[PDB]
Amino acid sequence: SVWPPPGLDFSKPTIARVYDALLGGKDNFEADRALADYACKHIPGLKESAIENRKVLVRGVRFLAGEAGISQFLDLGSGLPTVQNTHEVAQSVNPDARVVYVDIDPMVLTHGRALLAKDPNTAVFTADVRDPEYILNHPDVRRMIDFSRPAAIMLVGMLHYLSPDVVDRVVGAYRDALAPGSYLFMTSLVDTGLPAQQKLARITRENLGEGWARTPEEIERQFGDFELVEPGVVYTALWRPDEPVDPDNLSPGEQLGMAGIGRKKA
């Protein structure tokens, strides 16, 4: 078998591969599809929640690279590739945009290295986001991002994998690295008291190692002093929609996660 690489199959699911399976990608093994299937059986709207997270990723990156004028992105916990990735969105509005992707799953590097050796403004590497010091000093980071100028750091679909004991220091390190005029874009599994939210967090914790549903206020808090851009921290489908959407008529899948983008002030 030539793909996914058999040497990466330990009959254990990974976060990247399961999310890929939820989106209908082929970068996954049976253990990943089995867990996605199981999760969908217990968690209504799970796949739709992933779709909405990808759609807000696109809308947010388009806001950042176009309107906000940002040319430098650090995409933490990037995941495996989809039909619309960060650098593709960024370059569609801003041909000079530069994106550095970071993921812990080696399959992300293996797939991507292929796709991105032809792009001098896009780089990918394997690392653990819980070690900001290592990521912020990596040669791909240092050669691609000048942190003395505005940048965007993204923890899209990533915040709920940071435990209570590490989250404050980890997200704080990345906020602290940024120049005034920079942005932090995150999305997260949310606890608004709907039953599936904490059940989904449990399944993720038990099967994938980490999974923390945060209240809207706990999500907002991880933006620190940054100034939230309108509409603030809201269900992912409600974040600057480009397609009609009614906040009182959301499905269960549209209430699993929230999105927010905040700006660092001078």
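A residue's number is simply how far along the shown sequence it sits, counting from 1.
If you average the C-alpha B-factors over 111-119 and over 69-77, the higher value belongs to 111-119. In this crystal structure, the stretch out of 237-245 and 55-63 whose C-alpha atoms carry the higher mean B factor is 237-245.
In the deposited entry, the Cα temperature factor of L208 places it in the middle third of its chain's modelled residues.
Remark: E218 belongs to the middle third of its chain, ranked by C-alpha B-factor as recorded. Remark: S163 belongs to the middle third of its chain, ranked by C-alpha B-factor as recorded.
When the CA B factors of the chain's modelled residues are split into thirds, the value for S92 lands in the middle one. Among the modelled residues of the chain, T126 sits in the highest third by CA temperature factor in this PDB entry.
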